[PDB]
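Reading through the structure tokens given below for one structure.
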2 protein chains.
Amino acid sequence: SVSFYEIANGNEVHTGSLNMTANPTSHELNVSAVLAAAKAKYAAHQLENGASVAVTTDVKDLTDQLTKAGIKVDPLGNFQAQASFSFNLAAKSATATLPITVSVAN
Amino acid sequence: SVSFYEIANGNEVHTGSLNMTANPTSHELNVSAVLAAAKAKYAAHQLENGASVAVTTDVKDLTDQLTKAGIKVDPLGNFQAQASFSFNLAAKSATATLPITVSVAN
């Protein structure tokens with residue numbers, strides 16, 4: 001009964017996607033900018049009586065997801081970007097996940 | 001210089017996908033069957049002199065990825081399935097990741 005939607009237009013989604021640019025000199029991304037891009041684009045709710053549902057994923061959850069995928073993240077949150085990688089957003093009222101695939105211009 | 005390909009036809013890929021069916025009574029999936037489905041479909045290599053590259057993700061890596069996405073996995077590897085979720089396969093010669101989105105018939 002928890003579903004995700006695109007903020008800009010209100011359409012329900014069951015997968016997500018992001019286009020990002022890495023730093024032009026170091027070719028790095030920061031974990032906190034990936035999470036903020038995701039939460040600027042997607043949100044969650046419960047349908048009717050209907051209400052917003054909190055997205056529980058925080059910056060250390062995302063750091064741990066990436067670390068277990070073989071990606072190395074330094075103490076500042078920076079990591080060398082891949083052309084393609086993914087992570088899950090979680091929401092809890094009833095739990096639900098939104099898989100997000102990221103493409104990086106590098 | 002590491003790339004992934006579909007085993008059945010040899011086409012290079014930069015994202016992956018899987019269709020799975022959960023257990024008809026419990027609605028559960030096991031982590032080890034998800035990983036075996038992924039490795040039956042996708043592999044990695046380095047292009048020329050060319051050679052196969054090992055996929056390093058094992059069953060405890062995948063368990064830790066899912067746990068950090070809010071999904072609960074019991075000591076036997078079983079978890080209640082979502083309609084949509086994702087994980088990353090890693091390969092190391094030069095590192096590379098393949099994001100895989102799973103859809104579940106439930």
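Each chain of the structure tokens is named A, B, ... in the order shown, its residues numbered from 1; ligands are numbered from 1 in display order.
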Could you build a table of the residues in chain B lying no more than 12 Å from chain A, giving for each the nearest pair of atoms and their separation in Å rounded to one decimal place, using only C-alpha atoms, ordered by chain and ascending residue number, as JSON lines?
```
{"residue": "B:1", "atom": "CA", "partner": "A:83", "partner_atom": "CA", "distance": 11.9}
{"residue": "B:2", "atom": "CA", "partner": "A:82", "partner_atom": "CA", "distance": 11.4}
{"residue": "B:3", "atom": "CA", "partner": "A:83", "partner_atom": "CA", "distance": 10.9}
{"residue": "B:4", "atom": "CA", "partner": "A:84", "partner_atom": "CA", "distance": 11.4}
{"residue": "B:13", "atom": "CA", "partner": "A:84", "partner_atom": "CA", "distance": 10.4}
{"residue": "B:14", "atom": "CA", "partner": "A:84", "partner_atom": "CA", "distance": 6.7}
{"residue": "B:15", "atom": "CA", "partner": "A:84", "partner_atom": "CA", "distance": 7.2}
{"residue": "B:16", "atom": "CA", "partner": "A:101", "partner_atom": "CA", "distance": 10.3}
{"residue": "B:17", "atom": "CA", "partner": "A:101", "partner_atom": "CA", "distance": 11.4}
{"residue": "B:55", "atom": "CA", "partner": "A:70", "partner_atom": "CA", "distance": 10.9}
{"residue": "B:56", "atom": "CA", "partner": "A:70", "partner_atom": "CA", "distance": 8.6}
{"residue": "B:57", "atom": "CA", "partner": "A:69", "partner_atom": "CA", "distance": 7.5}
{"residue": "B:58", "atom": "CA", "partner": "A:69", "partner_atom": "CA", "distance": 10.2}
{"residue": "B:59", "atom": "CA", "partner": "A:68", "partner_atom": "CA", "distance": 11.1}
{"residue": "B:60", "atom": "CA", "partner": "A:68", "partner_atom": "CA", "distance": 9.2}
{"residue": "B:61", "atom": "CA", "partner": "A:68", "partner_atom": "CA", "distance": 5.7}
{"residue": "B:62", "atom": "CA", "partner": "A:68", "partner_atom": "CA", "distance": 7.5}
{"residue": "B:63", "atom": "CA", "partner": "A:68", "partner_atom": "CA", "distance": 9.0}
{"residue": "B:64", "atom": "CA", "partner": "A:68", "partner_atom": "CA", "distance": 6.4}
{"residue": "B:65", "atom": "CA", "partner": "A:65", "partner_atom": "CA", "distance": 5.0}
{"residue": "B:66", "atom": "CA", "partner": "A:65", "partner_atom": "CA", "distance": 7.7}
{"residue": "B:67", "atom": "CA", "partner": "A:65", "partner_atom": "CA", "distance": 8.4}
{"residue": "B:68", "atom": "CA", "partner": "A:65", "partner_atom": "CA", "distance": 5.6}
{"residue": "B:69", "atom": "CA", "partner": "A:88", "partner_atom": "CA", "distance": 5.7}
{"residue": "B:70", "atom": "CA", "partner": "A:90", "partner_atom": "CA", "distance": 6.1}
{"residue": "B:71", "atom": "CA", "partner": "A:97", "partner_atom": "CA", "distance": 8.4}
{"residue": "B:72", "atom": "CA", "partner": "A:95", "partner_atom": "CA", "distance": 10.4}
{"residue": "B:80", "atom": "CA", "partner": "A:95", "partner_atom": "CA", "distance": 10.6}
{"residue": "B:81", "atom": "CA", "partner": "A:96", "partner_atom": "CA", "distance": 10.0}
{"residue": "B:82", "atom": "CA", "partner": "A:96", "partner_atom": "CA", "distance": 7.0}
{"residue": "B:83", "atom": "CA", "partner": "A:14", "partner_atom": "CA", "distance": 8.3}
{"residue": "B:84", "atom": "CA", "partner": "A:14", "partner_atom": "CA", "distance": 6.7}
{"residue": "B:85", "atom": "CA", "partner": "A:99", "partner_atom": "CA", "distance": 5.1}
{"residue": "B:86", "atom": "CA", "partner": "A:99", "partner_atom": "CA", "distance": 5.2}
{"residue": "B:87", "atom": "CA", "partner": "A:86", "partner_atom": "CA", "distance": 6.6}
{"residue": "B:88", "atom": "CA", "partner": "A:69", "partner_atom": "CA", "distance": 5.7}
{"residue": "B:89", "atom": "CA", "partner": "A:69", "partner_atom": "CA", "distance": 6.8}
{"residue": "B:90", "atom": "CA", "partner": "A:70", "partner_atom": "CA", "distance": 6.1}
{"residue": "B:91", "atom": "CA", "partner": "A:70", "partner_atom": "CA", "distance": 8.4}
{"residue": "B:92", "atom": "CA", "partner": "A:70", "partner_atom": "CA", "distance": 9.0}
{"residue": "B:94", "atom": "CA", "partner": "A:82", "partner_atom": "CA", "distance": 11.3}
{"residue": "B:95", "atom": "CA", "partner": "A:70", "partner_atom": "CA", "distance": 8.2}
{"residue": "B:96", "atom": "CA", "partner": "A:82", "partner_atom": "CA", "distance": 7.0}
{"residue": "B:97", "atom": "CA", "partner": "A:85", "partner_atom": "CA", "distance": 6.3}
{"residue": "B:98", "atom": "CA", "partner": "A:85", "partner_atom": "CA", "distance": 6.4}
{"residue": "B:99", "atom": "CA", "partner": "A:85", "partner_atom": "CA", "distance": 5.1}
{"residue": "B:100", "atom": "CA", "partner": "A:86", "partner_atom": "CA", "distance": 7.7}
{"residue": "B:101", "atom": "CA", "partner": "A:99", "partner_atom": "CA", "distance": 6.9}
{"residue": "B:102", "atom": "CA", "partner": "A:99", "partner_atom": "CA", "distance": 8.9}
{"residue": "B:103", "atom": "CA", "partner": "A:14", "partner_atom": "CA", "distance": 9.7}
{"residue": "B:104", "atom": "CA", "partner": "A:14", "partner_atom": "CA", "distance": 11.8}
```
task: List the neighbours of residue B:5 out to 7 Å using only C-alpha atoms; skip same-chain residues closer than 2 positions along the sequence, and give me the result as an MDAnalysis selection string.
output: chainID B and resid 3 7 10:13 42:44
query: Could you pull out all residues of stretch 37-81 of chain B with a DSSP call of helix (DSSP H, G or I) and give them as a PyMOL selection string?
result: chain B and resi 37-41+59-67
task: Can you pull out every residue within 10 Å of residue A:34, counting only C-alpha atoms, but drop anything in the same chain fewer than 2 positions away, and send it as a PyMOL selection string?
output: chain A and resi 18-20+29-32+36-39+59+62+87+102
Saved selection, atoms kept: N, CA and C atoms, as a PDB file, in the first residue's frame:
```pdb
ATOM      1  N   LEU A  18      18.630   8.535 -12.668  1.00  0.00           N
ATOM      2  CA  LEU A  18      19.301   9.811 -12.437  1.00  0.00           C
ATOM      3  C   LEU A  18      20.442   9.984 -13.436  1.00  0.00           C
ATOM      4  N   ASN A  19      20.602  11.193 -13.965  1.00  0.00           N
ATOM      5  CA  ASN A  19      21.781  11.559 -14.747  1.00  0.00           C
ATOM      6  C   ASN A  19      22.646  12.505 -13.919  1.00  0.00           C
ATOM      7  N   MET A  20      23.927  12.165 -13.753  1.00  0.00           N
ATOM      8  CA  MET A  20      24.849  12.935 -12.919  1.00  0.00           C
ATOM      9  C   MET A  20      26.139  13.234 -13.684  1.00  0.00           C
ATOM     10  N   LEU A  29      32.358  11.645  -7.305  1.00  0.00           N
ATOM     11  CA  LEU A  29      31.027  12.030  -6.856  1.00  0.00           C
ATOM     12  C   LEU A  29      30.991  11.890  -5.349  1.00  0.00           C
ATOM     13  N   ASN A  30      30.128  12.670  -4.699  1.00  0.00           N
ATOM     14  CA  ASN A  30      29.920  12.546  -3.265  1.00  0.00           C
ATOM     15  C   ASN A  30      28.586  11.851  -2.994  1.00  0.00           C
ATOM     16  N   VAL A  31      28.584  10.957  -1.997  1.00  0.00           N
ATOM     17  CA  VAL A  31      27.389  10.167  -1.685  1.00  0.00           C
ATOM     18  C   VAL A  31      26.207  11.069  -1.335  1.00  0.00           C
ATOM     19  N   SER A  32      26.475  12.195  -0.667  1.00  0.00           N
ATOM     20  CA  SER A  32      25.395  13.061  -0.201  1.00  0.00           C
ATOM     21  C   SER A  32      24.716  13.808  -1.347  1.00  0.00           C
ATOM     22  N   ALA A  36      20.731  13.488  -2.413  1.00  0.00           N
ATOM     23  CA  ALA A  36      19.896  14.683  -2.544  1.00  0.00           C
ATOM     24  C   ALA A  36      19.257  14.775  -3.926  1.00  0.00           C
ATOM     25  N   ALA A  37      19.954  14.309  -4.962  1.00  0.00           N
ATOM     26  CA  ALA A  37      19.367  14.263  -6.300  1.00  0.00           C
ATOM     27  C   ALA A  37      18.167  13.318  -6.345  1.00  0.00           C
ATOM     28  N   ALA A  38      18.286  12.153  -5.699  1.00  0.00           N
ATOM     29  CA  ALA A  38      17.186  11.188  -5.658  1.00  0.00           C
ATOM     30  C   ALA A  38      15.964  11.742  -4.930  1.00  0.00           C
ATOM     31  N   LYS A  39      16.167  12.386  -3.777  1.00  0.00           N
ATOM     32  CA  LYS A  39      15.049  12.905  -2.991  1.00  0.00           C
ATOM     33  C   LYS A  39      14.474  14.207  -3.541  1.00  0.00           C
ATOM     34  N   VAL A  59      22.388   9.095   4.609  1.00  0.00           N
ATOM     35  CA  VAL A  59      23.654   9.081   3.864  1.00  0.00           C
ATOM     36  C   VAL A  59      24.534   7.903   4.288  1.00  0.00           C
ATOM     37  N   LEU A  62      23.221   4.688   2.360  1.00  0.00           N
ATOM     38  CA  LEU A  62      23.698   4.685   0.984  1.00  0.00           C
ATOM     39  C   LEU A  62      25.190   4.389   0.923  1.00  0.00           C
ATOM     40  N   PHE A  87      21.285   1.877  -6.640  1.00  0.00           N
ATOM     41  CA  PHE A  87      21.027   1.797  -5.206  1.00  0.00           C
ATOM     42  C   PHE A  87      19.509   1.765  -4.994  1.00  0.00           C
ATOM     43  N   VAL A 102      21.769   4.953 -11.929  1.00  0.00           N
ATOM     44  CA  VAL A 102      22.477   6.213 -12.179  1.00  0.00           C
ATOM     45  C   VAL A 102      23.392   6.058 -13.390  1.00  0.00           C
TER      46      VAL A 102
END
```
- request: Could you give me the residues within chain A that DSSP places in strand (DSSP E or B), as a ChimeraX atom specification?
  value: /A:2-6,12-13,16-20,28-30,42-46,51-55,78-80,84-92,95-104
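Distance annotation: of A:8, A:51, A:105, A:35, the residue with the minimal separation from residue A:21 is A:105; atom set is only C-alpha atoms.
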